[PDB]
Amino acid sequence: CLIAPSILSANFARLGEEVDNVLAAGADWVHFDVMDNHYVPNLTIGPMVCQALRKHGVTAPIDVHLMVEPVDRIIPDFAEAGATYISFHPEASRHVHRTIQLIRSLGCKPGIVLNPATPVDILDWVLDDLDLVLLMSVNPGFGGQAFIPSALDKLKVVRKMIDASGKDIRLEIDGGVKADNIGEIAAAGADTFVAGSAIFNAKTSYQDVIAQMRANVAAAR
C-alpha cells in the first residue's frame, strides 16, 4: 500500500535531490526520524530540516517519528514546519491522550509507536483517536539491525484491533524491512512500509527497489 522511505540513510549534503528522486521513484511519504540523544542514544534532525523540505517544494506527506522525550514542546514546531503525521512513543509522554489531542489540534495526523517490547494495551483507550500505529521491528536509535521476528506476530494482533475499530488507521512497520521480507510483513498486516538502507543504499536504483517491494507486497496479499 504505502512506501515511506527513511531519510536517515540518504545523502544529507543533497537532501532535496534525494527526497525529490525517491518520491519520483515511487515513494509515497517521506519518513523523518527525530532523535534527541535522550530517548535514544543518537541525535538526528529537527524541525528546521522538515521546513527546508517544504520550502524546497516537497508536497508529499512528511511522516515525523519522534524518538524524543518529553514530546509536547517540539510538536508545535514540527506542525509549523509542515509535518503531516506526527508519531510518538507513549512512554515518552506523561499525558498520552493530551499529546494526541495536541497533534490533532495543530492540523497534524497523530500516531503512536510501539517499541518491540511495548504491550498493545496502551492502545486500549486511545486507538480511535489515532491515524497511525507504528510497530518497531528493530530497537530505535541503535542502528542497522535485523528485523525482529516477533513483530510479525504483533502486527497480526494490532491489525485485528484496527479492523475491529472500524477506523481508517495506518499500520506502519519500521526496521530491517527489505525486498525479501516485505511480503511476509504485509501478510502479517502492515500497510505502510518504512525502509531506509534497502532503498537509499541499494545496488540497483531507488525505482527498481520500490517496484520490487510493491510487487512482493501485492503477491503476498
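A residue's number is simply how far along the shown sequence it sits, counting from 1.
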| query | finding |
| --- | --- |
| Which of 201-209 and 5-13 has higher mean CA B factor, as the PDB entry lists it | 201-209 |
| Higher-B stretch (mean Cα B-factor, as the entry records it), 180-188 or 65-73 | 180-188 |
| Of the residues 169, 43, 161, 53, the one carrying the largest Cα B-factor as recorded | 161 |
| Deposited CA B-factor, highest of 84, 115, 150, 105 | 150 |
| Ranked C-alpha temperature factor of residue 59 among modelled chain residues, by third | middle |
| Chain third (lowest, middle, highest) by recorded CA B-factor, residue given as residue 99 | lowest |
| Within-chain third of residue 136 by Cα B-factor, per the entry | lowest |
| Cα B factor band for residue 146 (lowest, middle or highest third within the chain) | highest |
